[PDB]
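S.K.: Next up is a structure, given as structure tokens.
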Amino acid sequence: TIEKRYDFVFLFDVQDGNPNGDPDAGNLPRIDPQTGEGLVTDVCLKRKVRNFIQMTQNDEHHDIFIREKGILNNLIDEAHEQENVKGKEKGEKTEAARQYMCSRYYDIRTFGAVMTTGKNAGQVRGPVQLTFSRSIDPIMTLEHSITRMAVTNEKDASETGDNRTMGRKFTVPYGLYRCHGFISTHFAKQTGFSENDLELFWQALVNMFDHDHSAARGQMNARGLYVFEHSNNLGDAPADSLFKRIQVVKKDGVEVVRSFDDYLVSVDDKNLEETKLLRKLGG
Amino acid sequence: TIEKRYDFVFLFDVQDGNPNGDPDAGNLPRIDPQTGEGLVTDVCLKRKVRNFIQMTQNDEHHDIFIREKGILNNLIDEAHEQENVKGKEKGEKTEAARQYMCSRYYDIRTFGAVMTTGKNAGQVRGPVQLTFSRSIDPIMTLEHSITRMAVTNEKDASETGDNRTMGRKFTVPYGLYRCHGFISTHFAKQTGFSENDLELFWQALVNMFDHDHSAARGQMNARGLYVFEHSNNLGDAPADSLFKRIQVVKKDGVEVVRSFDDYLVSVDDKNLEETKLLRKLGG
Amino acid sequence: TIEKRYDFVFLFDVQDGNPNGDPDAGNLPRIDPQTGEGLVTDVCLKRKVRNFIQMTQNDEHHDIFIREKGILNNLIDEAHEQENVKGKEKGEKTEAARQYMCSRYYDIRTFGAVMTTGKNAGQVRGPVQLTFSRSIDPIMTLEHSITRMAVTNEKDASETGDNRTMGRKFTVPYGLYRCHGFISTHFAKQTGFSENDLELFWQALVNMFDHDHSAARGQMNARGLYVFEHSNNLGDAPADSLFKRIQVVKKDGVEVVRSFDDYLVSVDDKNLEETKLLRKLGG
Amino acid sequence: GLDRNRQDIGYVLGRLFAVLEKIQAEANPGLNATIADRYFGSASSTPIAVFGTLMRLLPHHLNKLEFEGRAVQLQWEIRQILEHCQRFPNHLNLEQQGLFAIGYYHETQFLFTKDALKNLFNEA
Amino acid sequence: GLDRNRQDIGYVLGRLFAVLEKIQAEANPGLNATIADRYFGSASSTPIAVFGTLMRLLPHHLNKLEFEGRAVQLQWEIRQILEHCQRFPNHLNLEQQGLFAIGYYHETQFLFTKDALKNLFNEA
Amino acid sequence: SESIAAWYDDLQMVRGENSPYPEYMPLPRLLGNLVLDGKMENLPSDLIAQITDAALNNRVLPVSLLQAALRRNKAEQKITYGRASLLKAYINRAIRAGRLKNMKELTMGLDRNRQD
DNA sequence: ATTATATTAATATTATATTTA
């Protein structure tokens, strides 16, 4: 179980593609309406970490939460028929099953999952809780509409021989999504989030943009990862100014940004040397 | 099934023509609005690879995804009436049909396809996932408007004299589209992407610009292909700096670029000799 | 149907006149803005080949695509009322009509045409696909403005004196347009491009600059035609270096070029003797 | 329902695309695929790539018209729109992305009218 | 709606093409195919190939005018535009490609006016 | 029946020819467009316990109707007869009760003006 | 527990000399 507080400043961008796209709006990434800054949900990073763990582990005591056919009720029923089948008086039986799943699953240990379906077994508050990403420069939506020379269903097929199904494939030129996140210790002591799991989560956050790739997302990479390791479980200084110390603004006289040569990540670690640490894993 | 990670740096240009045209803009290639760098989608390279396979194979267990006369629903129904007609309990039946299609089709094995139409059979995550290309020097659009001495339809535009239908045929003088792409292993082990299929895909990527040609695209060629072969399935170093080591900038005191004698592909393989390899297939 | 790959290096110049002139710019030939090299589209060579076939054939099974008085919809409707009027189920009916037109037309068999108007009948990918020409030495535009002693329409200049209508008639002093082109075999096997049609196309490319002449284009001739006949349908070596082996640069200490006595066509067939052939038809 | 003094870049850009589409439609009634069926897909995002060819094809579309005064009126309203368009931007913001279509359909409605465009042209 | 001190190459190039088209239109009202119907198709991409013949035909177009002072005013505004045009570029960027048409239609609007060009010429 | 008449006139929505939905929609059938799937998961304090009281007494409709109809409209990805009429009734009652200022009351047919 | 499915509008902006020891 970990005992220190970690305030990591995850920074990641996108070369050309659709990172965290919005089902609410067709196929465009989440962008700020009033300004234009791109937004990326934390569930995308969580799924990238899960895929990295699935491809760089394959062992027990670190379940990865299977895809599609993985019914949550079936997994809950399978985890219930272990040490606390019935002889535990429902109440503490749920807590025992939750502890067993935390010791067995890695997704529920690092983040969390819903285990209150049919056979209830409590819920996990979760230690590490990432936030929604947000860029600084107002990004623009390119919208790269592409075509296909093969129809899907015969009903929507044309009355001729030219069977085409176009559509749109949105893309993004740039946008350093300044992600945020905080890690607690009280819930980590209950879920069993040890330091080895924390190091594995850091390695996943660092090297998830090298394997989890597709045609819609294109090419994505992680810039830097400045973790603010504390000293105790108390609160020294508000995290607002702590995360504001690593500001990311524009460089010289430029309108937009295209790569890392147009951003100036101002890192001035001067007032955060009281009872806090600093490490660089991605940058 | 492959077991190594490949980070190829595909480099290809265009002599005179329209390479990857139209993000719904008439007939112009995809160019960066803020700067002017030309962009090429990965689906063009995928279709070139498919055409190369169709013209250099003609055998079973390597389906090429037919052109206009190929309804996806009909192909899915034909692939369903094989070994898992109904006696497989829908759930695992979809996975069995997906595995059969991966062992039979080459496009879904290397890249992927939508198999969730009428008779659903799951979906393929895809191992090899190319990205959108992007040039370095801001290219310019020539717009070579040409004419025709023969009208098409019998509308009112067909004058009594010269039945002409002009239009525009866009062209590009130069632009080394610095393409990118990553290859995974976890999905390759499920789809059956063996090393022979990987070598065939490399040969296709190398020799697709010699057969797949037209009048609109003109003459296109592939410069170099530097594949970064890893050693395991884990993540050694971020791919951002790995792809940044092979930078392509301007040469001496020149404004634009016309051919290979104006570019200086700086290749300094010095820090990538830890646990990675390097090979040259196109350059 | 042909089975070999042909990479011809078409070379042709212009004595005095406007070869491939640009409607986007008044009446000047297509020239490179950044440098000054003249450019010639492939449709001009295609039309010259069509005119040569029209004047050196006059027979069936080799349609020449008529000039001004040739509506494409009327020709498509005439070709539809043959063997597949309606009893063919639209889908394969389009393919049957396309095959019939390929066996009947020569322009669609060698190059291609749009047959997707009213009565759709598919489209032809086309085997032989020429590219846009480009010279080496930066040519200069002469602009030979000439006059006329006879007015055309009753405009505002035909007053009392000599009714004159001048204008400009652009000319070019020299410029060996290094044309390029590739021939495939997969599409040739479907369109029926036999070896006799290939020989006819070669003869047309050789002897099209002797009949197709006018006052605007002046005098044009074809220098040489080095066809790179392969051995199979696969890809041996990239065509970039193959076409770069026949370089055309300046001779001795001269600024520009006026005729063939100022160019030095360096032909060193040394490394192309692996699995390829070489023939000379025009030079 | 049209604001000609909004001083918004998206408004004037959309109005320009609308009058361009109107001119192309007036050039030939039997038109199958207009510019809106291809050029509008990237007009609000990459205007500097589509509006160049648009202005290149505009004079030929005006000459294709059977009436020469109609082309004069169309060019006049084009310039009255582009008065507030000091420059063609690289990419439009989300607000400007919406204002593009807003001005487009507003100018289309203002053009497809009985006595309106000619009435505004008479007071010039 | 015209910025004469923008110091942009596309702006002055478009203004020059606009005044050239205005001069050609003023040379003869019964003009069928103007320069914009042929020269504008490659004016923003290859200006060094079209603007040469444009400057070659400019003096004859000015001499074709019935009024000699009009040609003087047109040459004056041509040079006032080309003041910021230090050189004719090979090819314009996308931003410059848009600024070409921007300045073109801005100068066309500024020219097709009652009292504006002559008022600016009087203060010189 | 003045409260019922006002509630059904505020619930009066556009209907096409040969429509299965009646001129006046039942209250459980109307709430079924706001529940999860079956008319049983509604909130027994602000939905099936307060909407009936607000309709049978011509009271003010709560914002819970707005939010539930919005969630089920952008969730089911379609607006059938039931959710739009409820929102129209809410807007009309908020205009009539001062809980809505800049906007105005809606009519049965399509309002081609509105300017909202 | 659907509906529906055929074309608005189109005729001319502007147009008179910088500077010359």
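Neighbour counts are summed over all protein chains in view; Cβ atoms, including those assigned to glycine, are modelled from backbone coordinates with ideal geometry. Taken together, the values in this text are just the output of simple stated rules run on the coordinates, not laboratory data.
S.K.: Mind computing the radius of gyration and Dmax over the alpha-carbon atoms of chain D? Å is fine for both.
M.R.: For chain D, the Cα radius of gyration and maximum Cα-Cα distance read 13.6, 39 Å.
S.K.: Oh, and also: What percent does the relative contact order of chain F come to when contacts are Cα pairs within less than 8 Å and at least six residues apart?
M.R.: On the way: 117 pairs, mean separation 36.7, N = 116.
Reported relative contact order: 32 percent.
S.K.: Here is a further query. When N is the residue count of chain F, what does its C-alpha Rg come to as a fraction of 2.2 N^0.38 Å? Numbers along the way, then the final one.
M.R.: Numbers: Rg = 13.7 Å, N = 116, 2.2 N^0.38 = 13.4 Å.
So chain F has a normalised radius of gyration of 1.03.
S.K.: What is the range C:88-164's relative contact order, in percent, from Cα pairs under 8 angstrom and six or more apart in sequence? Don't jump to the answer; show the numbers that get you there.
M.R.: On the way: 55 pairs, mean separation 15.1, N = 77.
After rounding, I find 20 percent.
S.K.: Kirkwood Rh, the range E:6-60, all Cα pairs: how many Å?
M.R.: On the way: mean 1/r = 0.0859 Å⁻¹.
For the range E:6-60, inverting the mean 1/r across all distinct Cα pairs yields 11.6 Å.
S.K.: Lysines near F:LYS39 by alpha-carbon distance under 19 Å, same-chain residues fewer than 8 away left out - which ones?
M.R.: F:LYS74, F:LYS78
S.K.: Between F:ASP116 and D:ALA33, what FRET efficiency follows from the Cβ-Cβ distance if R0 is 22 Å, with the result rounded to 0.05? Spell out each step's value before the answer.
M.R.: Working: r = 35 Å, r/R0 = 1.61.
So the FRET efficiency works out to roughly 0.05.
S.K.: Still on this model: Taking neighbour counts of Cβ atoms within 10 Å as a proxy for exposure, in what order, fewest first, do C:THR41, C:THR35 appear? Walk me through the numbers on the way to the answer.
M.R.: Working: C:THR41 24, C:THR35 16.
Ascending number of Cβ neighbours within 10 Å: C:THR35, C:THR41.
S.K.: In addition: Of C:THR56, C:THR171, C:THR147, which is the most mobile in a GNM of chain C whose springs link Cα atoms less than 10 angstrom apart?
M.R.: Most flexible of the set in this elastic network: C:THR147.
S.K.: Have a look at B:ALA216, B:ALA150, B:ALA204 and tell me which one the Gaussian network model of chain B (Cα, springs below 10 Å) gives the largest fluctuation.
M.R.: Looking only at B:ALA216, B:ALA150, B:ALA204, the largest GNM fluctuation is found for B:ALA150.
S.K.: Next up: Would any residue of the range A:35-72 have its amide N under 18 Å from a label point 7 Å out along Cα→Cβ of A:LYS88? List them or say none.
M.R.: A:61-63
S.K.: Also, I was wondering about something else. Could you pull out every residue, at least 5 positions away or on a different chain, whose amide H is within less than 5 Å of the one on B:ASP13? Hs are placed 1.01 Å off N in the peptide plane, and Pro or chain starts have none.
M.R.: B:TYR177, B:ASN221, B:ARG223
S.K.: Calculate the spin-label point distance for B:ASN196 paired with C:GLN219, positioning each point 7 Å from the Cα along the beta-carbon direction, and give it in nanometres.
M.R.: My value for the distance between the label points is 6.2 nm.
S.K.: Mind telling me which of A:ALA79, A:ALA215, A:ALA97 comes out most flexible in a GNM of chain A, alpha-carbon contacts under 10 Å?
M.R.: Among A:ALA79, A:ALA215, A:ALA97, the largest GNM mean-square fluctuation belongs to A:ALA215.
S.K.: Okay, moving on. For F:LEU43 and F:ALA5, compute 0.36 nm times the residue count separating them, minus their Cα-Cα distance, and round to one decimal in nm. Provide the component values of the computation, followed by the final result.
M.R.: Details: separation 38, 0.36 × 38 = 13.68 nm, distance 2.52 nm.
Fully extending the segment from F:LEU43 to F:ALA5 adds 11.2 nm.
S.K.: Once every Cα of the range B:102-204 carries one equal point scatterer and solvent is ignored, give the base-10 log of I(q)/I(0) from the Debye formula at q = 0.09, 0.10, 0.21, 0.25 Å⁻¹, two decimals.
M.R.: -0.52, -0.60, -1.04, -1.29
S.K.: Could you tell me how many cubic angstrom of Cα convex hull volume the protein assembly as shown has per residue? Write down the numbers at each step before the final one.
M.R.: Working: hull volume 292.0 nm³, N = 1213.
Value for the protein assembly as shown: 241 Å³ per residue.
S.K.: Relative contact order of the range A:1-119, please, whole-number percent, based on alpha carbon pairs below 8 angstrom and at least 6 residues apart. Let's see the in-between values first.
M.R.: On the way: 72 pairs, mean separation 23.0, N = 119.
The normalised contact order for the range A:1-119 reaches 19 percent.
S.K.: Also: Within a 10 angstrom radius of each residue's Cβ in C:232-244, how many Cβ atoms of other chains show up on average? Whole number is fine. If you can, show how the numbers build up before the last one.
M.R.: Working: counts 1, 4, 7, 11, 2, 3, 9, 8, 12, 1, 1, 3, 3.
For peptide C:232-244, the averaged partner shielding equals 5.
S.K.: FRET efficiency for A:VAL249 and D:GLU95, Cβ-Cβ distance as r, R0 = 25 Å, nearest 0.05? Working shown, then result.
M.R.: Details: r = 22 Å, r/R0 = 0.89.
Once the sixth-power term is evaluated, E becomes 0.65.
S.K.: Using Cβ counts within 10 Å as a stand-in for footprinting exposure, how do B:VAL206, C:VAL85 rank, fewest first?
M.R.: On the way: B:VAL206 20, C:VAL85 9.
Ranked by crowding around the Cβ, least crowded first: C:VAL85, B:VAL206.
S.K.: Then there is this: Give a residue-ordered list of calculated ³J(HN,Hα) values for the range D:69-84 (Karplus: 6.51 cos²θ - 1.76 cosθ + 1.60, θ = phi - 60°; whole Hz; x for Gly, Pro).
M.R.: Using θ = phi - 60°, the values come out as x, 4, 5, 5, 4, 5, 5, 4, 6, 4, 6, 4, 6, 6, 3, 7 Hz.
S.K.: Whole angstrom only: what separates the Cα centroid of the range E:48-96 from the Cα centroid of the range B:111-186?
M.R.: For the range E:48-96 versus the range B:111-186, the Cα centre distance is 38 Å.
S.K.: For the range A:11-58, I need the span (max minus min coordinate) of the C-alpha atoms along each principal axis, in Å, sorted largest to smallest.
M.R.: So the extents along the principal axes, rounded to whole Å, are 44, 23, 18.
S.K.: Only helical DSSP H runs with n ≥ 4 go in: add -39500 (n - 2.57) per run for chain A, normalise by residue count and round the 222 nm mean residue ellipticity to 500 deg cm²/dmol. Walk me through the numbers before you get to the answer.
M.R.: On the way: 7 runs with 65 residues, N = 283.
Only helices count here, giving -6500 deg cm²/dmol.
S.K.: If you don't mind, there's one more thing I want to ask. Please arrange C:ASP63, A:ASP261 by how many other C-beta atoms lie within 10 Å of their C-beta, fewest to most. Please list the in-between numbers first.
M.R.: On the way: C:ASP63 20, A:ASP261 9.
If I rank by nearby Cβ atoms, fewest first, I get A:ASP261, C:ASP63.
S.K.: Residue-wise, which Karplus ³J(HN,Hα) couplings in Hz belong to the range F:81-92, taking 6.51 cos²θ - 1.76 cosθ + 1.60, θ = phi - 60°, and x for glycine or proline?
M.R.: Here the 3J(HN,Hα) series is 5, x, 8, 6, 5, 5, 5, 5, 4, 4, 5, 5 Hz.
S.K.: Oh, and also: Under the rule that an exposed site lies in a DSSP loop and has at most 10 other Cβ atoms within 10 Å, name the longest stretch of chain C with no trypsin sites (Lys or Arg not before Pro) of that kind, not counting the sites themselves. Mind showing how you got there, number by number?
M.R.: Details: sites that count: C:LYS69, C:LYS86, C:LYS251, C:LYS270.
Within chain C, the longest run free of exposed trypsin sites (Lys or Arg not before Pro) spans C:87-250.
S.K.: Taking H as built 1.01 Å from N, whose amide H comes closer than 5 Å to the amide H of B:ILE31, not counting residues under 5 places away?
M.R.: B:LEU39
S.K.: Using a 7 Å offset from the Cα along the Cα-to-Cβ direction at both C:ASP269 and F:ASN58, what is the distance between the two label points in nm, to one decimal?
M.R.: 10.2 nm
S.K.: Taking Rh as the Kirkwood radius computed over C-alpha pairs, what is the Stokes-Einstein D of chain A at 25 °C in a medium of viscosity 0.890 mPa s, expressed in µm² per second?
M.R.: Details: Rh = 21.4 Å.
After rounding, the answer is 115 µm²/s.
S.K.: State the answer as a single residue: which of C:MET220, C:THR191, C:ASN232 lies farthest towards the positive end of the charge dipole of the range C:186-281, with beta carbon charges of +1 for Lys and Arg and -1 for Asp and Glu, about the Cα centre.
M.R.: Most positive-ward Cα: C:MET220.
S.K.: For every other residue with a beta carbon closer than 9 angstrom to the beta carbon of A:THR185, add +1 if it is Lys or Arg and -1 if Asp or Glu, then tell me the sum.
M.R.: Numbers: positive: A:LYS4, A:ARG5, A:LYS189; negative: A:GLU3.
Once positives and negatives cancel, what remains is +2.
S.K.: Based on alpha-carbon centroids, what's the gap between the range B:189-216 and the range B:42-82 in Å, whole number please?
M.R.: Comparing the Cα centres of the range B:189-216 and the range B:42-82, I get a distance of 13 Å.
S.K.: Of all the stretches in chain E, which is the longest one without any exposed loop site, taking trypsin sites (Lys or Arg not before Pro) in a DSSP loop (any state but H, G, I, E, B) with at most 12 other Cβ atoms within 10 Å?
M.R.: Numbers: sites that count: E:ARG87, E:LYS114.
That would be E:1-86.
S.K.: What three numbers, in Å, describe the spread of the alpha carbons of the range C:132-283 along their principal axes, ordered from the longest?
M.R.: 73, 48, 23
S.K.: Here is a further query. When you look at the Cβ of every residue in B:184-192, what mean number of other chain Cβ atoms sits within 10 Å?
M.R.: Numbers: counts 6, 2, 8, 3, 0, 1, 0, 0, 0.
Neighbouring Cβ atoms belonging to other protein chains average 2 per residue here.
S.K.: For the range C:19-139, how big is the tail of P(r) above 22 Å, as a whole percent of Cα pairs?
M.R.: Details: 3455 of 7260 pairs.
In whole percent, the share of Cα-Cα pairs in the range C:19-139 beyond 22 Å is 48.
S.K.: With a/c under 1.5 counting as rounded, go ahead and sort the range C:219-260 into rounded, prolate or oblate using the C-alpha gyration tensor (a ≥ b ≥ c being the square roots of the eigenvalues; past the cut-off, prolate if a/b is larger than b/c, else oblate). The partial results should precede the final answer.
M.R.: Values: a/c = 4.70, a/b = 2.03, b/c = 2.32.
Judged from the Cα gyration tensor, the range C:219-260 comes out oblate (a/c at least 1.5, b/c at or above a/b).
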